[PDB]
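S.K.: Numbering (the authors' numbering), first residue to last: 11 to 341.
Even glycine gets a Cβ: it sits at the ideal position worked out from N, Cα and C.
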Amino acid sequence: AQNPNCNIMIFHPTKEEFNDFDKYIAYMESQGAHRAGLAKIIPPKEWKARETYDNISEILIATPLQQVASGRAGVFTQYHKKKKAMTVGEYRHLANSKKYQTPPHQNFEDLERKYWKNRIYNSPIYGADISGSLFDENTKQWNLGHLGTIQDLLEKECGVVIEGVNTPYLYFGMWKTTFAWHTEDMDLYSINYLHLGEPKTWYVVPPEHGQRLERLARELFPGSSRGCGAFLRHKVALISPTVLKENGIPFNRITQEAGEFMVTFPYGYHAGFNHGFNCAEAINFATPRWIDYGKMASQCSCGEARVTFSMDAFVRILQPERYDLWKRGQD
Ligand SMILES: O=C(O)CNC(=O)C(=O)O
Ligand SMILES: [Mg+2]
Ligand code: NI
Ligand SMILES: [Zn+2]
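What follows is the structure, encoded as structure tokens:
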């Protein structure tokens, strides 16, 4: 069995191997990449996402989210407080202000330590989940706005045509902005390109061990667990590496830099934080191997998780028994 210790693998495709996205994902899997839950892909040196980032300041962040924490330094939840709209250029200035800028530090490790020690005492503002793309239309390779859609994959595998579309989202981050422990909707893959700015640190639990993380989370967030049998779908809970190690949960960590892709694999729980002002783009995708994960994915039916239009058909076709209860939570 390839990659049996479930380590995060890093790939360096040539320009020729960068042509066929599906083929390269399948290649990574042949080498065991999926066992980690997360892989890094460094594009060939010839490749570029676009010519420059000099003209992005007028993009609008209609609903910036202030991430307010509750709990203890290693075990906390976050809620999102909506703020007034601002442009990317306004957000970048805010991120660089004395209140929100990255502190002096020695290296990524020192910064990680400062994050875990101090995150809860601050409320950073995240420009997350903005529909759009920064890939130039002429970029032909690994262009997240031109991937095959999940609806087309389900149709190809299962023969059923369904409604829905699949488009990318932009994330504008600052120091301490945080993504809570989660897997993707319907335990899909995700792909994330860091377009510009400061790094993003990731933590991941191998898919084969995801239920260990779920059991710990039920213990650590006991009111939340009573409220919902899949509350990590709410994307609000954080658990530090120190706490995971204390409880024997297998995981790995890696830092993504500007110009790099990350791929998360079906049912690979992940969480992380941004080092300073940055812009990432991400989208969900599927392969034939995903179908069995989609069929088995947990669902939030308490009402909190509230998701996209396109999830309806996935539930309806892959999980018909769950459909009626799930839809009541959507309505
Ligand atoms: O970048 C972020 O804030 C969160 N991204 C992801 O969870 C992903 O790309 O799957
Ligand atoms: Mg602009
Ligand atoms: Ni994700
Ligand atoms: Zn729920």
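Give a yes or no on whether the C-beta atoms belonging to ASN294 and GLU167 are separated by under 8 Å.
M.R.: Counting from 1 along the sequence shown, the entry for residue 294 is found at position 284. Counting from 1 along the sequence shown, the entry for residue 167 is found at position 157. In this structure, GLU167 does not lie closer than 8 Å to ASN294 by Cβ.
S.K.: For ligand 1, is there a heavy atom less than 7 Å away from the beta-carbon of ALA307?
M.R.: Here residue 307 refers to the residue found at position 297 when the sequence shown is read from its first residue. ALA307 Cβ: outside cutoff for every heavy atom of ligand 1.
S.K.: Per the contact definition of three or more C-beta pairs closer than 8 Å, is the stretch 87-103 in contact with the stretch 50-62?
M.R.: Touching, no, given that fewer than three Cβ pairs across the two stretches are closer than 8 Å.
S.K.: Buried or exposed for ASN117, going by 16 or more other Cβ atoms inside 10 Å?
M.R.: On the sequence shown, position 107 is the one that residue 117 refers to. Classification of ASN117: exposed, given that the 10 Å Cβ count is below 16.
S.K.: Can we count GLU27 as close to ligand 3, meaning its CB is less than 7 Å from some heavy atom?
M.R.: As a position in the sequence shown, residue 27 is number 17, starting the count at 1. No, ligand 3 has no heavy atom inside 7 Å of this Cβ.
S.K.: Is it buried or exposed for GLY169, if we count other Cβ within 10 angstroms and need 16 for buried?
M.R.: Stepping through the sequence shown from its first residue, residue 169 is reached at position 159. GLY169 is exposed by the Cβ-count criterion.
S.K.: Is the stretch 220-235 touching the stretch 71-78 in the sense that three or more CB pairs, one from each, lie closer than 8 Å?
M.R.: Touching, no, given that fewer than three Cβ pairs across the two stretches are closer than 8 Å.
S.K.: Closer than 7 Å: is that where the CB of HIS90 sits relative to any heavy atom of ligand 4?
M.R.: Position 80 of the sequence shown, counted from the start, is the residue given in the question as residue 90. Incorrect: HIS90 has no Cβ contact closer than 7 Å to ligand 4.
S.K.: Ignore the nearest five residues each way along the sequence and tell me which others in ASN257's own chain have a CB closer than 6 Å to its CB.
M.R.: Looking up residue 257 in the sequence shown gives position 247. Cβ neighbours of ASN257 beyond the five flanking positions: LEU226.
S.K.: Closer than 6 Å between the C-beta and any heavy atom of ligand 2: which residues qualify, listed along the chain?
M.R.: Listed along the chain, these residues meet the criterion: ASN65, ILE66, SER67, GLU68, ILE69.
S.K.: Considering only C-alpha positions, which residue in the set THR187, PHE324, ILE18 is nearest to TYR131?
M.R.: Taking the first residue of the sequence shown as position 1, residue 131 is located at position 121. That would be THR187, whose Cα lies nearest to the Cα of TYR131.
S.K.: Decide if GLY47 is buried, meaning its Cβ has at least 16 other Cβ atoms within 10 Å, or exposed.
M.R.: Numbered from its first residue, the sequence shown carries residue 47 at position 37. Flag for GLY47 reads buried.
S.K.: Which ranges does the beta strand (DSSP E) cover as unbroken runs of at least 3 residues, wholly within the stretch 147-201, from first to last along the chain?
M.R.: Fully enclosed beta strand (DSSP E) runs of 3 or longer: 179-183, 188-192.
S.K.: Between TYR37 and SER107, what straight-line distance do the alpha-carbon atoms span, to the nearest angstrom?
M.R.: Within the sequence shown, numbered from 1, the residue matching residue 37 stands at position 27. Within the sequence shown, numbered from 1, the residue matching residue 107 stands at position 97. Approximately 44 Å between the Cα atoms of the pair.
S.K.: Quick check: is any heavy atom of ligand 3 less than 7 Å from the C-beta of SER133?
M.R.: In the sequence shown, residue 133 corresponds to position 123, counting from 1. Checking every heavy atom of ligand 3 against the Cβ of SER133, none is found closer than 7 Å.
S.K.: Are there 16 or more other CB atoms within 10 angstroms of the CB of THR274, so buried, or fewer, so exposed?
M.R.: If you number the sequence shown from 1, residue 274 lands on position 264. When all chains shown are included, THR274 counts as buried.
S.K.: Looking only at its own chain, which residues have a Cβ that is under 8 Å from the Cβ of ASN13, when we skip the five neighbours before and after it?
M.R.: In the sequence shown, residue 13 corresponds to position 3, counting from 1. Same-chain partners within the cutoff: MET19, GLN41, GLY42, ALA43, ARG45, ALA46.
S.K.: Take the Cβ of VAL171 as the centre, count every other Cβ of all protein chains shown within 10 Å, and call the residue buried at 16 or more, exposed below.
M.R.: The sequence position of residue 171 within the sequence shown is 161, counting from 1. Answer is exposed; the Cβ neighbour count stays below 16.
S.K.: Rounded to the nearest angstrom, how far is the Cβ of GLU39 from that of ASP146, given a contact under 8 Å?
M.R.: Within the sequence shown, residue 39 is the residue found at index 29, counting from 1. Within the sequence shown, residue 146 is the residue found at index 136, counting from 1. Their Cβ separation, rounded to whole angstroms, is 29 Å, which puts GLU39 and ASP146 out of contact at 8 Å.
S.K.: Helix, strand or coil, according to DSSP, for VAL246 in the structure here?
M.R.: Here the question's residue 246 lines up with position 236 in the sequence shown. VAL246: coil per DSSP, three-state reduction.
S.K.: Looking at C-alpha atoms only, which residue of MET184, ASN176, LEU206, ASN148 is the closest neighbour of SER133?
M.R.: Translated into the one-based positions of the sequence shown, residue 133 becomes position 123. Closest option to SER133, Cα to Cα, is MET184.
S.K.: Any chance you could list the beta strand (DSSP E) runs of at least 3 consecutive residues sitting entirely within the stretch 204-240, in chain order?
M.R.: Complete beta strand (DSSP E) runs here, min 3: 210-215.
S.K.: For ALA138, does the three-state DSSP call read helix, strand or coil?
M.R.: Taking the first residue of the sequence shown as position 1, residue 138 is located at position 128. Note: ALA138 maps to strand in three-state DSSP.
S.K.: Given that a residue counts as buried once 16 or more other Cβ atoms are within 10 Å of its Cβ, and exposed if not, what is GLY313?
M.R.: Position 303 of the sequence shown holds residue 313. Classification for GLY313: exposed.
S.K.: Taking DSSP as the reference, what is the three-state secondary structure of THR24?
M.R.: Position 14 of the sequence shown, counting from 1, holds the residue named residue 24. Coil at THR24, not helix or strand.
S.K.: Have a look at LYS109, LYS93, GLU208, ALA79 and flag the residue whose alpha-carbon is nearest the alpha-carbon of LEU121.
M.R.: What you label residue 121 is simply residue 111 of the sequence shown in a count that begins at 1. Minimum Cα distance to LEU121 is reached at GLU208.
S.K.: For the alpha helix (DSSP H) containing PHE324, name the first residue and the last one.
M.R.: Residue mapping note: residue 324 aligns to position 314 of the sequence shown, counting from 1. Run containing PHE324: 321-328, per the alpha helix (DSSP H) assignment.
S.K.: For the alpha helix (DSSP H) containing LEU144, list its first residue and its last residue.
M.R.: Here residue 144 refers to the residue found at position 134 when the sequence shown is read from its first residue. That residue, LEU144, is in no alpha helix (DSSP H); it is neither H nor E in DSSP.
S.K.: Determine the burial state of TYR279: buried for a count of at least 16 other Cβ atoms within 10 Å of its Cβ, exposed for fewer.
M.R.: Within the sequence shown, the letter at position 269 stands for residue 279. That one is buried.
S.K.: Nearest CA to the CA of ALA307: which residue from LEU163, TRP212, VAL325, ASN128?
M.R.: Numbered from its first residue, the sequence shown carries residue 307 at position 297. Minimum Cα distance to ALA307 is reached at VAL325.
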